[PDB]
Number of protein chains: 4
Amino acid sequence: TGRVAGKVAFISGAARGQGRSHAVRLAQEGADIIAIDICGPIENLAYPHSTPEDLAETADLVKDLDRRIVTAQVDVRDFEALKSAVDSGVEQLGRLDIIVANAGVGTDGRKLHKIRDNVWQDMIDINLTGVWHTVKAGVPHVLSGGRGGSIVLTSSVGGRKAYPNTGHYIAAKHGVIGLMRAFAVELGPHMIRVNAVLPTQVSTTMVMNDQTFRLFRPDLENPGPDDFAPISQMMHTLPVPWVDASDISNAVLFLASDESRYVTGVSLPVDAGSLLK
Amino acid sequence: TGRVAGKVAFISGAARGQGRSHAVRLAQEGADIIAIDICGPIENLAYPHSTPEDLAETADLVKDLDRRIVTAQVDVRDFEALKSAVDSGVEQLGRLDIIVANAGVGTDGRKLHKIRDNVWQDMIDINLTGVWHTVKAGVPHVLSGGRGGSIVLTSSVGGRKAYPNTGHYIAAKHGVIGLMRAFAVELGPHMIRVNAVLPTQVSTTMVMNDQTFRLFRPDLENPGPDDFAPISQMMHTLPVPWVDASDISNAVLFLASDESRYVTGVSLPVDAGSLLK
Amino acid sequence: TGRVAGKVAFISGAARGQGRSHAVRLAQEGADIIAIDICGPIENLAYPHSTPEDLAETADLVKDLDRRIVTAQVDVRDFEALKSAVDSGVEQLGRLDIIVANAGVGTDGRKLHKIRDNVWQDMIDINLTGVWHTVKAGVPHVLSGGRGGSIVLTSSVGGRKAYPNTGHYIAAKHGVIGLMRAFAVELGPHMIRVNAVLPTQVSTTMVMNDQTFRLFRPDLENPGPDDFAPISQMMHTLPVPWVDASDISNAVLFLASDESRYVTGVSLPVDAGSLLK
Amino acid sequence: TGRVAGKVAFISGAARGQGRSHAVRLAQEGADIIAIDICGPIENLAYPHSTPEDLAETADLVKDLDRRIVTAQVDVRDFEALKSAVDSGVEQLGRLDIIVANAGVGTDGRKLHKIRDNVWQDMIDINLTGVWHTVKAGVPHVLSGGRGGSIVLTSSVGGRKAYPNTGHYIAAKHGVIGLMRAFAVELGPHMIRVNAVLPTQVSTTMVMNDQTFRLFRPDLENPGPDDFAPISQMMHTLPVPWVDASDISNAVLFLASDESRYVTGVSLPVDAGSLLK
Ligand SMILES: NC(=O)c1ccc[n+]([C@@H]2O[C@H](COP(=O)([O-])OP(=O)(O)OC[C@H]3O[C@@H](n4cnc5c(N)ncnc54)[C@H](O)[C@@H]3O)[C@@H](O)[C@H]2O)c1
Ligand SMILES: NC(=O)c1ccc[n+]([C@@H]2O[C@H](COP(=O)([O-])OP(=O)(O)OC[C@H]3O[C@@H](n4cnc5c(N)ncnc54)[C@H](O)[C@@H]3O)[C@@H](O)[C@H]2O)c1
Ligand SMILES: NC(=O)c1ccc[n+]([C@@H]2O[C@H](COP(=O)([O-])OP(=O)(O)OC[C@H]3O[C@@H](n4cnc5c(N)ncnc54)[C@H](O)[C@@H]3O)[C@@H](O)[C@H]2O)c1
Ligand SMILES: NC(=O)c1ccc[n+]([C@@H]2O[C@H](COP(=O)([O-])OP(=O)(O)OC[C@H]3O[C@@H](n4cnc5c(N)ncnc54)[C@H](O)[C@@H]3O)[C@@H](O)[C@H]2O)c1
């Protein structure tokens, strides 16, 4: 009945936001879940970090749908710990079909020639190398199951075009597109699809925070979401200021399900027409 | 509980193949249908043409789903007849929400500097100008309904890259991407999404014919589908020789439904990884 | 000594503007020229048309460089007359190495679903089919010379993205990109390169006219180039309001010369960063 | 009368190969040179590393052209040493106008989920982070000169599509496209252009080595260049097996000179039609 009935999905960054939304949506449609998140502070994070209670709440939501979920608190930069958590989760759930490499950060925001080395490096470590780590940890289990699979990497509008003062994020998200194409070419012969979703602004903590509001409305002292919306909406072709996590989850579900069985190598924007500008 | 419950979809080329599949798939998900097709011969067509009986069979399939359907025999090259058919269908069904500009041909197959003027022109007339005519005829009804909507143009892998001896088709299908982007920019402010699907080989009459087998297997005497499949599969990253009409319809359904409410301006390949080459 | 010494170049639209500039620039660098232009009125042209005296002035400029030039007044929509003029010019100059498909128009400017059929059709005939006609007329002579060659098609920023109210031009210029890729794939095995140049606004008659000024500054009564410049400059990443014909000619020269001997299939924007938006 | 008369160009990886060719080609056209190279071994390098004598030979070639050159042995991974070298070169030559971020490696060659963590990281360090370091070190001098300038990043065909067993290289080279676009957007307002060149196989040490021949011809015992060439040529639309360093330098010269004064944000393939496939 469900669009991914009988499948198992591994989701990074599942404590909250889009990753929690992917976990719930795929569980609604029949999938059991391996959910990991760092659940702690991140250097120079421009907004509140996630907590262990966040990930436990994702787990309760999935359990409420009478689906199984394995959670682990792990940093995608630690490959050996990430591999260990994935291995244990697949040992419990019995298979791995879907990988959603969703964990990521937004930090800092300077001119690209002024970004500091460690701020550049943390961005590359999480948003590019951490994506590679995530796919690398899960893919041996998709291969050994021998049933094909579907892998979704979260890039960004910033993986195809640049906005000022985000250049380390831009470079990482472009590199995610290259990871999607490389994995797609290499895993295609095993009927494993690899695609990317490219969101515009999404109404998560990564956007709905004081730092982001102030960068978009420097004219203001205490800018709020109402003041940020008109600027953000000017980036879009549809008259909306941002999309929701459920919009990204619906794209991930399409890509994860048999309804896209022959779709691979695709950059799918969920961007309200940002990339038409 | 259908994914396009309460909607009306206008579909060109609906007598058979992908267009028939789109009408049946959207009807399964709750939409009433306006279905048009030339139902008649086309100059230099490399395979059997459609019949009035084909479109009557599409109507029977949609009515078996307890949905309403208006059909019409009309050539997308004849804008006034097309507009009159769409106006009458909308008067009968009460609204228009979805347009799928699917009608098209494959003809001929020569070096681009050797294609005859009228063969080039018929291809541009049907596969590029006919698509514009189709959207132009439908969009006043979507606009006047005031509920937004979703428009899907059928391009091709050949809308993004070229294969030898199909250059008039390549040119037209690239133009269709242009139409998608222009319509998306102009109609976005009215919450009307415009996207394109880009199929690889699909198991329809346009591909499954003797002229195609020979354009792919000159070495053979009377090549059939089994001799064509290895060649067609070499164009793909996934090990399949072609996709099915239902694969295109699943992509069209995604783009037509509220699950893609903020997806616009997108070229969505359904191509088994062709564009990764 | 010259960067295209000993070569012959066929240039459409050479009466004025970019095409005249290509003729002079290639002649400066050693090439003899076949120059054609309609040299007369065009339906619904939004600015002054070219004259026979324009083309004679291009000829004098080329002759002043002690280069040979053949001119003909011919419409690129008339393939038989265009082929006849090209055949005669190659019979005189002895070879054909370079083709620049530069002739084009800007007309009208309505919402895409309101553009009239004949206005759409004239746009397609000149800017898409006329480009095909141009390449088709010249390419048998490049092939028969057996020395390779280089073919440049003038597309536009509008061949990769859409601006409102130009959708027939957008569709045609996208189709030019498809022509470039199709010809590139088919002619590559004969060492014939095929590329496109994609200009932003260029300071020619096609942009520097009252209609264009008024469309960009509706707030004004008599808007001039000084009022148009700030709006046009907002489309660019570099702080300039437009590029010059010589900027396009320098790109065409690079592509025409042995310095790009292995460059083929490329869309080269000369766009002040428009496509970064 | 040189095409970059009076300019200063800073070039990374200038000891040999394309970087040496860029220094010599820009010097031929009138530029003074700041040339840096590690001139030393690199972990897991699949071919001979460069030497201090290589870079001294680049200096001799540039001085034979009666141009000035400052050389330095520095690793692009070490930003402070890199910045110190560039600061000293600019103090000696008086200005900086052109930056060519050319230094890079090819290493290893495994399935992407089997590449070891440190092999991945060295590739990201050199081919992505090293490029950022190179532009970051040079651009304050271009900015403070107040004359605009031109920056060229060396990506690859692998910056736009993937080949099997090179996924860490693919990811890094895609990131380099991101860097080009971000730098172009941020530096455009200062009339500083930023573009990328995308080579196919080039006849340098990075390709002409025994490990590459075997990664292309497993069937052979000791494959040489003649057994590699047919395979490499099948990746191309033009019938050549590779391009030469001089072909890349001609593209770099175009992008560095005033003949491309309004070209920015462009990915310029020099690829014999690879990206047409
Ligand atoms: N939010 C946007 O506007 C936007 C736009 C483009 C792309 N994205 C991408 O969407 C994805 C999800 O972000 P979101 O909007 O859900 O934000 P979020 O901050 O609400 O969620 C991201 C989650 O990733 C986790 N995470 C971050 N670094 C991690 C690490 N090193 N190891 C493990 N877990 C880690 C975080 O703790 C957090 O729970 C990210 O890749 C982000 O770059 C977001
Ligand atoms: N079949 C493929 O491999 C392939 C690949 C890429 C794109 N496509 C595109 O998919 C779309 C559907 O084709 P299909 O595979 O269903 O083939 P098909 O020939 O079975 O269906 C196309 C339908 O379009 C109708 N049609 C053609 N010209 C018409 C006109 N002038 N006016 C009205 N109706 C007209 C035909 O009568 C036919 O019923 C077309 O745009 C085609 O170019 C197909
Ligand atoms: N000017 C711009 O801002 C801009 C932007 C993008 C693309 N372009 C393209 O640049 C090319 C040259 O335009 P321009 O800026 O030199 O303008 P222009 O009007 O000064 O020159 C174009 C020339 O093409 C000739 N021509 C037009 N239709 C013809 C036909 N049917 N047969 C023969 N000759 C014909 C015209 O008579 C004219 O002499 C065109 O393809 C145009 O679309 C221009
Ligand atoms: N050769 C090809 O086929 C090919 C294809 C695509 C891209 N490229 C790119 O072209 C560029 C030049 O490579 P090439 O073909 O001249 O090869 P090469 O190995 O002859 O030259 C590259 C030079 O970069 C220098 N270098 C490497 N790492 C460095 C570091 N950390 N710090 C300083 N210098 C360093 C090397 O010492 C060497 O002198 C590279 O970016 C490469 O990735 C080459």
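Using ideal geometry, Cβ is built from the backbone for each residue, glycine included, and neighbour counts are taken over all protein chains shown. Any read-out appearing in this document is the output of simple, stated calculations on the displayed coordinates, not a laboratory observation.
Most simply put, region A:1-140 has about 5% antiparallel DSSP beta bridges, counting only bridges with both residues inside it.
Would you work out the relative contact order for chain D, in percent, from Cα pairs under 8 angstrom that are 6 or more residues apart?
19 percent
Put the Cα centre of region C:53-113 next to the Cα centre of region A:111-135 and the gap is 53 Å. Separation of region D:159-179 from region A:211-245 is 33 Å, based on Cα centroids. Amide H contacts under 5 Å for D:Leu268: D:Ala196, D:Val197, D:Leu198, restricted to partners 5 or more places along the chain or on a different chain, H placed in the peptide plane at 1.01 Å from N. Summed over qualifying helices (DSSP H, 4 residues or more, each -39500 (n - 2.57)) and divided by its residue number, chain B shows a 222 nm mean residue ellipticity of -13000 deg cm²/dmol.
Counting only DSSP beta bridges whose two residues both lie in chain B, roughly 5 percent are antiparallel. In this structure, the amide hydrogen of B:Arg193, modeled 1.01 Å from its nitrogen in the peptide plane, lies closer than 5 angstrom to those of B:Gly149, B:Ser150, B:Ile151, counting only residues at least 5 positions away or on a different chain. Here D:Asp66 yields copy-to-copy label distances, from shortest upward, of 2.6, 8.9, 9.2 nm, the label point defined as 7 Å from Cα along Cα to C-beta.
A simple charge model with +1 on the Cβ of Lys and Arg, -1 on the Cβ of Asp and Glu and nothing else charged puts the dipole of chain D at about 940 debye relative to its Cα centre. Between copies, the label points at B:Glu91 (set 7 angstrom from Cα along Cα-to-Cβ) are spaced 6.0, 7.2, 8.6 nm, reported in nanometres from shortest to longest. Among beta bridges identified by DSSP and lying wholly in the protein assembly as shown, the antiparallel ones come to about 5 percent. Modelled spin-label separation between C:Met208 and D:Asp258, with each label point placed 7 Å from Cα along the Cα-to-Cβ direction: 2.0 nm.
Given a Förster distance of 45 Å, report the FRET efficiency between D:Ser144 and A:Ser144 from their Cβ-Cβ distance, rounded to the nearest 0.05.
Once rounded, the FRET efficiency stands at 0.20.
With its label point put 7 Å out from Cα toward Cβ, B:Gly2 sits 2.6, 6.8, 7.2 nm from the same residue's point in the other copies, in order from shortest.
Chain A residue nearest the axis that carries A onto B, by Cβ, with distance in whole Å, is A:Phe254, 2. Springs join every pair of Cα atoms under 10 Å in this Gaussian network model of chain B, and among B:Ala103, B:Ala184, B:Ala162 the largest mean-square fluctuation is at B:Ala162. Note on B:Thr1/B:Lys63: beta-carbon distance plugged into 1/(1 + (r/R0)^6) with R0 of 22 Å gives a FRET efficiency of 0.65.
Computed from backbone phi with θ = phi - 60° and the Karplus coefficients 6.51, -1.76 and 1.60, the 3J(HN,Hα) list for region B:246-261 is 4, 5, 5, 5, 5, 5, 4, 4, 3, 5, 7, 8, 5, 5, 10, 3 Hz; x is used for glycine and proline. Whole-Hz Karplus values for region C:137-142 come out as 5, x, 5, x, 6, 5 Hz, taken residue by residue from phi with 6.51 cos²θ - 1.76 cosθ + 1.60 and θ = phi - 60°; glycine and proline positions read x.
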